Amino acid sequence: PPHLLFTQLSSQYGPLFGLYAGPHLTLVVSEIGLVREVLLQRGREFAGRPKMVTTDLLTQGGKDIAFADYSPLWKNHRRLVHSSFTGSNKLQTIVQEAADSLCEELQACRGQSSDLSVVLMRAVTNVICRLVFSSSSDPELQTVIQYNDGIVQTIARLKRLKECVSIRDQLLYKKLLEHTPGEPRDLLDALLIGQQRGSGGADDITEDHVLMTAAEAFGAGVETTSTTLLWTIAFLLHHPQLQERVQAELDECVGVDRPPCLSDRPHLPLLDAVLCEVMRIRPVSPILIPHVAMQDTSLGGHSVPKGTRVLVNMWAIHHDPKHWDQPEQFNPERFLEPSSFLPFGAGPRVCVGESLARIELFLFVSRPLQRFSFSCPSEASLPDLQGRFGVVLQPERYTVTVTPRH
């Protein structure tokens, strides 16, 4: 796989490669210094994204955030979303009530070598359809899960894809249509408020961008977080001792009861370190979304023509033995104290869900670990740590035994 291939080649040929496709050049960047040039130092010049056709379909031809070109239209559009992610004092609430749902379904499978994934998909999807449309067991969804899995699978291996996006677009359009500038209840509310306001176009966002942003916040919110929960628990199975310590940390500073609040984070540094280790050892995107050069620029000491694509090899920088000790190995300790670590990227294209992901990961990893304990079953393996990329780096299915405290 690309991220392993260019990681291996970096030791002996440079940390910087070039590939040619048509008449457009692609640089691969696999050294911390050079990625900070791309993402920080000269962040703005590399802030373009490419116009593929699969992404077009996904986002109605660059009407989202992640696959849209940097532009005044994009900067105001991002501002709106950012504001918005920020209150959400909210959740907490939203998260904790889904964590209770999740957590109360897990005990219903006590001593069951369940296969936790359907359960986590439903949990995170609740948090998200909720935080975006205030939507809610059930369901139409299968439908959501059904259309999400259809899109992911189509891309994993169209034709089949359009129809799947079309399902999502109509469904979302209905909730967009149905959707108080004082006290917003939804991320979609916030987006319509800001769209309302702007006299733009030309530069203010059409509402389509709302539909697309709402559609993207799903994809991103569910697929990144699901995976990070699946990875987290996978690792805590190969390392039971560490599972105990985090539980011991949780015991000592939160009760055996108090739903861990967001105000407990400074007091729970080993847990935060575990989330940061999970982020490090399995990048959700071992290669970022291509950054495109918005003008003639440079990198290393070399001119980079405008239109050049730049793949950031985040696996390489997070596994670089020059900046990490035994990066293959799993130590949240390596973060125990208070160069190369950018789990959400950096600069103008940094993750927009970073605030949310930190908060959302904390609140129901603390809680599953507060009420439950996760073990490799007797007649199963340990989970396979290699994992598979598309559309994020996720682990293969694994089976896990849950048992509560008492």
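In this text, residue numbers run from 1 along the sequence as written.
Unmodelled residues of the deposited sequence between residue 179 and residue 180: 4 to 9. The entry shows a gap from residue 338 to residue 339, with 4 to 9 unmodelled residues of the deposited sequence in between. If you average the C-alpha B-factors over 138 to 146 and over 226 to 234, the higher value belongs to 138 to 146. The PDB entry records a higher mean C-alpha B factor for 371 to 379 than for its counterpart among 52 to 60 and 371 to 379. The top Cα temperature factor in the record, among 307, 286, 321, 201, falls on 201. Of all the options 106, 123, 299, 314, the entry's greatest CA B-factor is assigned to 106. Per-chain ranking of the deposited C-alpha B factor places residue 152 in the lowest third.
Annotation for residue 325: C-alpha temperature factor in the middle third relative to the rest of the modelled chain, per the entry.
When the modelled residues of the chain are ordered by C-alpha B-factor, residue 332 sits in the middle third. Ranked by C-alpha B-factor against the other modelled residues of its chain, residue 130 falls in the middle third. Ranked by C-alpha B-factor against the other modelled residues of its chain, residue 23 falls in the highest third.
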